[PDB]
Amino acid sequence: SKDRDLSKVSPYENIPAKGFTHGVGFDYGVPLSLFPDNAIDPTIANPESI
Amino acid sequence: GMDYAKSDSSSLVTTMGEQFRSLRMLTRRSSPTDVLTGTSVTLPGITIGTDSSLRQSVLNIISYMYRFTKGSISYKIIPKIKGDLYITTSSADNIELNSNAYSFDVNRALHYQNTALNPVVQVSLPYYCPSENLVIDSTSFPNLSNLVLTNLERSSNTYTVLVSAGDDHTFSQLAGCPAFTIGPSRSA
Amino acid sequence: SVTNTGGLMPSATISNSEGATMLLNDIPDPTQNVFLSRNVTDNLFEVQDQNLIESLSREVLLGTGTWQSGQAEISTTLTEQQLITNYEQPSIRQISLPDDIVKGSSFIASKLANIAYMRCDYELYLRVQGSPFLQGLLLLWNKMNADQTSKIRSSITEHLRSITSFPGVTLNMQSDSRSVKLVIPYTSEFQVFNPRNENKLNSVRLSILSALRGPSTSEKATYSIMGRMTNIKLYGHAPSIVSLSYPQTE
Amino acid sequence: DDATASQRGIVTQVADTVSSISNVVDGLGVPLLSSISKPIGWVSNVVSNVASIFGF
Amino acid sequence: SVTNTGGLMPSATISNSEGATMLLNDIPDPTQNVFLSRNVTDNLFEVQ
Amino acid sequence: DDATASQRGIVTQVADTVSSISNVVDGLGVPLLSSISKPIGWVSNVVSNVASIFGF
């Protein structure tokens, strides 16, 4: 049952936070809350449509 | 109208690498605040704002043109002395003076990390409020959750902190601008 | 078809209302010797009908006054000693809402008796009068929630170019109509408020934006403010009393 | 579409939509908030009562 | 499309109500820089 | 469905099912335990006698 693994060794780099100055793409941080994905919709309570 | 105006004629790709047509994108970007020495560290809450001095976060600068905020906010933290630490939320009611109790004793959401391996702490603080809106620097809700962090053994340390708007976040109601300085200080 | 024992084994499933409020545990018996009628025919001139939502929307006087050349015009800029001290820009009149109305009008103060909470959306009306020869320019504008935030954030916003970018409306005397309308949407953290305490938010202000001038010195002109609620939504039943905030215990 | 956005693994795409621009002045306009809205995706589960809510 | 002389020859046929009572002799001008909305969603238990 | 749940690699989905709610009081109810049940997935192998059980 303990069959041999084969696969491939693969290269990597240890960069803890690749891009936080960027204005786009991925938070990374862990929310301090039950349920990994908190959310709410900002668009609903707004004083105006635009 | 009596316009002389004739509309432009210029390509977008020829001169700079990007273009942006909103202030939110500028705010999702994370910026430094102020160094937090000592044990009784105090990060700003989701009410945010009202810093003195003159150095201040970009979010903190955009903050003055508006009146309402809503949504979670993010933190990056870089400890000066490496070693593991813990992250926890709290509130003014939630605190105890038994002098044997400690911050772990409330069973709030928790986060551990050894900084020797991952120097950059990354924590997002959610949005628990009764109200759909929050006037900036509201004091109508005394018990809103507030962040705290501890090394065990309660030793002194400094931290380089930098905040950012969460993806969930927005501002609303446009008040007019604050007076603001622009150039480098003149003379000494 | 059964003798009614004095209080032994009454029906236990009965339920019925009397008034618009108040449920009741058992039915009154509709026995009596005669059923009489309304008697009088109306015989009258007709008049428009009265309604509660209609009554609440009635127009109300808010302020009235003279305006004249000697009064100060708002500053373009600020200096230090007034920048540190949270200086406020001078104005002919300022008006709190919605208290100027609800606690300000005995009529409305009475119509809202014994109701718990409510929403409102204001309208305001400025009406200025003076001679054709006069020169001037007013501004009517809405300072926001203001008081619920830091003292500093209601301080660095008071200067001309910011004043003119708030919601509001200008009034030149060149206009023949000489009157303006201004709408104020409801806005707060709480979704409702009881009318009869210090629920003070958004402070309307009126400011000179150009000094009054006439061929002679010390010309003057009159003005009046009026206002009315719309989109109202009353909610709940309660004794008519001042309410209390969180730290306080009742 | 955060699930797909993380599964696909590329930073750029960040879930496409096309907003309804209005109040154009000179070839530039203001998007409606109503159409900038993006799916939340846990709400469907809470309303439909998926088993995972109960931990089983 | 005509300059409004300060009070010379206003229209003389105008009539309109403001409140449920009170008729008024001339229309207020609906000019202002912005038109804002109700803000809050209700989020409450219903009552009669 | 732990195998697929780990292979797909995303935290959220955690194998969907739809429970049969009952005893609704005011728009809220109690799921049956019978329908919250989820597959175990080794049992099929032990009953069907797959080769891997014997190590070959």
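In order of appearance the chains are A, B, C, D, E and F, and numbering begins at 1 in each one.
As a convention for this text, a contact is a pair of C-beta atoms (placed from the backbone, for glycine too) under 8 Å apart; a residue touches a chain by one contact, two chains touch by 3 or more.
K.L.:
Say we pretend chain C isn't there, which chains still hang together?
P.N.:
Drop chain C and the rest stays one piece.
K.L.:
With a step meaning a move to a chain it touches, how many steps does the shortest path from chain A to chain C take?
P.N.:
Minimum step count, chain A to chain C: 2.
K.L.:
Which two chains have the most C-beta pairs in contact?
P.N.:
C-E
K.L.:
In whole angstrom, how far does the Cα centroid of chain C sit from the Cα centroid of chain F?
P.N.:
Whole-Å distance between the two chain centres: 59.
K.L.:
So how far apart, in whole Å, are chain B and chain F when each is placed at the average of its C-alpha atoms?
P.N.:
Each chain reduced to its C-alpha mean, chain B and chain F end up 41 Å apart.
K.L.:
Measuring from the mean C-alpha position of chain C to the mean C-alpha position of chain E, what distance in angstrom results?
P.N.:
Between these chains, centre-to-centre, one finds 16 Å.
K.L.:
Scan chain C for residues touching two or more other chains and write them down.
P.N.:
165, 185, 187-188, 191
K.L.:
Of all the residues in chain B, which ones touch at least 2 other chains?
P.N.:
In chain B, 132-133, 173 touch at least two other chains.
K.L.:
Multi-chain contacts only, two chains or more: what residues does chain D have there?
P.N.:
6, 41-42
K.L.:
Determine which chains touch and list them pairwise.
P.N.:
A-B, A-D, A-E, A-F, B-C, B-D, B-E, C-E, D-F
K.L.:
Please give the residue numbers of chain F that touch chain D in the complex, ascending.
P.N.:
Residue list for chain F touching chain D: 8-10, 12-19, 21, 31, 35-38.
K.L.:
Where on chain B does chain C make contact in their complex?
P.N.:
Counting only chain B, the residues touching chain C are 49-50, 64, 67, 131, 133-140, 142, 173-179.
K.L.:
Can you name the residues of chain D that touch chain B in the complex?
P.N.:
Interface residues on the chain D side: 26-28.
K.L.:
In their complex, what parts of chain B are in touch with chain D?
P.N.:
7, 21
K.L.:
Which chain A residues qualify as touching chain F in the complex?
P.N.:
Residues in contact with chain F: 1-2, 36-37.
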